[PDB]
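# Report on the structure
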Amino acid sequence: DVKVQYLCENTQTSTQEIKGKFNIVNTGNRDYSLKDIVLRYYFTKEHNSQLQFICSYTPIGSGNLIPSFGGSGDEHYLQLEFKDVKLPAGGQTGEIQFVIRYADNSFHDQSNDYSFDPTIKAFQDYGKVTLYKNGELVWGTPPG
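To keep things clear, this report deals only with the structure shown in the data block.

Conventions and cut-offs
- Residues numbered from 1 in each chain as written, not as in the entry; some residues may be left out.
- Heavy atoms only, no water.
- Pairing = 2+ DSSP bridges.
- Helix = DSSP H or I, 4+ residues; strand = E, 2+ residues; numbered from the N terminus.
- Polar contact = N/O pair within 3.5 Å; in protein donor to acceptor, adjacent residues only side chain to side chain.
- Contact = heavy atoms within 4.5 Å.

### Digging into the sheet that holds strand 3 (residues 18–26)
Ordered in space as 6-10-3-1-12, the 5 strands form an open sheet in which the pairing is antiparallel. What marks the edges here is a single partner per strand, and that holds for strand 6 (51–54) and strand 12 (124–125). The sheet contact formed by strand 3 and strand 10 (residues 96–102) spans 5 bridges and is antiparallel. Bridged to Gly20 within strand 10 is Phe98.

Set out below in structure tokens:
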């Protein structure tokens with residue numbers, strides 16, 4: 001009913017910046033609001049510094065994103081929630097650029113990150129980024 005496409009922008013194994021794009025696609029016949037949708041990107045947090053999120057660009061308006069971080073060090077995640085943005089039946093958000101850095105600009109090893117796949121250089125359906133609608137997993141598979 002709803003799915004995620006992904007593309008990897010920073011393919012560097014060890015990096016100060018995780019960087020890619022999401023695209024949320026409504027593949028059914030019912031209109032949704034993004035406010036009911038929760039997206040997660042999974043990575044390993046090896047340093048204690050706090051994490052920062054940046055959206056460089058999205059057609060939906062970056063003001064409409066509600067980012068947060070959660071989970072253990074070994075399975076951390078970026079979580080995206082949203083304000084009341086319409087996702088019509090059959091429609092898509094278009095690109096949601098995401099950047100994750102440490103506040104202290106420390107380096108991060110992406111080769112340990114569950115959701116990292118630098119073979120994906122153009123958008124494609126991607127099961128290692130999850131979607132939840134109202135508590136229920138509707139797209140993808142979380143770590144384990």
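### Observations regarding the side chain of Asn26
In this fold, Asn26 is placed in strand 3. Of the polar contacts made by the side chain of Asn26, one reaches the backbone oxygen of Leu87; its length is 3.1 Å. Other than its neighbours up to four places away in sequence, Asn26 contacts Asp1, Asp31, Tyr32, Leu87, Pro88, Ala89, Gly90 and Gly91.

Without other data, these values stay purely geometric and don't point to any function.
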